[PDB]
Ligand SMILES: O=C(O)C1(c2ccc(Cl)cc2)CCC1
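A lone chain, given as structure tokens: the form solved without this ligand.
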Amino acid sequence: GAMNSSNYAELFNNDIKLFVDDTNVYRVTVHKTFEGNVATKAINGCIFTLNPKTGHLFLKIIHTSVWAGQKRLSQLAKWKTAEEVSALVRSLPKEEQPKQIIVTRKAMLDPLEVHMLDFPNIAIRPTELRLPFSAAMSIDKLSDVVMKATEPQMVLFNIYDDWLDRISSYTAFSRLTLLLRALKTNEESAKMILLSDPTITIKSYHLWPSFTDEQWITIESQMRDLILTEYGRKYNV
């Protein structure tokens, strides 16, 4: 069934599942041509495939060369995403293959389903949640590896850093979606909040600063706070 607030704790049970987000797969800039017509230039993009229980992120980098000589690129993006997700599952040992894949956008259902025909026992599900995974490219280290890539490339991260050493998956995922929500609704302010203090560093093998427990409490409140201010500005409420 479709994933929603009701069946939300199912994310953190012991059935393996992946979220797949395709919002950053086909990225362009729009510009004007000499003759004044509009043209797009593609830039490198990514499939954001995440295990919400473990934090394991399978960032599949989509090099612009994939688009060369192809038509209907936004439609092709969905099929390429499905082809790469499927290839990822085939690459995984059987005991690591997911039992569900949850796509953040309903247009991915038919492509993934078609590509996953070889895995009838993997359930492809939509979601009613409004997840902020599009903001993944607001995370400096992920944007950097995507933009530097010269070939297709899979890069593996733990998007929770070492948080699970100290908090539950449930809490880790809420923190992650809170941060990404904030980065989405007001990137500049969100990033300011994370980095204002020069004495709280990001480990070379991490994505986020090494906040202590109490500092995470303050940070989250600052992120909360930002998101509701923005909602206030956006709806004149």
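Don't overthink the numbering: it's just position in the shown sequence, from 1.
Unshown form solved in complex with this ligand; subsequent notes refer to it.
Enquirer: Using a 2.4 Å cut-off to backbone and C-beta atoms, with three or more ligand atoms needed to call it blocked: open or blocked for this ligand placed in the entry with it bound and overlaid on this form?
Expert: Here the site is blocked.
Enquirer: Is the gap between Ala123 and this ligand in the entry with it bound 4.5 Å or less for some heavy atom pair?
Expert: No, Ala123 is distant from the partner.
Enquirer: With the partner left out of view, is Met108 within 4.5 angstroms of this ligand in the entry with it bound by any non-hydrogen atom?
Expert: So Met108 does not count as contacting this ligand.
Enquirer: Considering non-hydrogen atoms and a 4.5 Å limit, does this ligand approach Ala149 in the entry with it bound?
Expert: No, no contact at 4.5 Å.
Enquirer: Are any of the heavy atoms in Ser134 no more than 4.5 Å from a heavy atom of this ligand in the entry with it bound?
Expert: No, no contact at 4.5 Å.
Enquirer: Out of 128-159, which residues reach within 4.5 Å of this ligand in the entry with it bound, heavy atoms considered?
Expert: Residues within 4.5 Å: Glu128, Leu129, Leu131.
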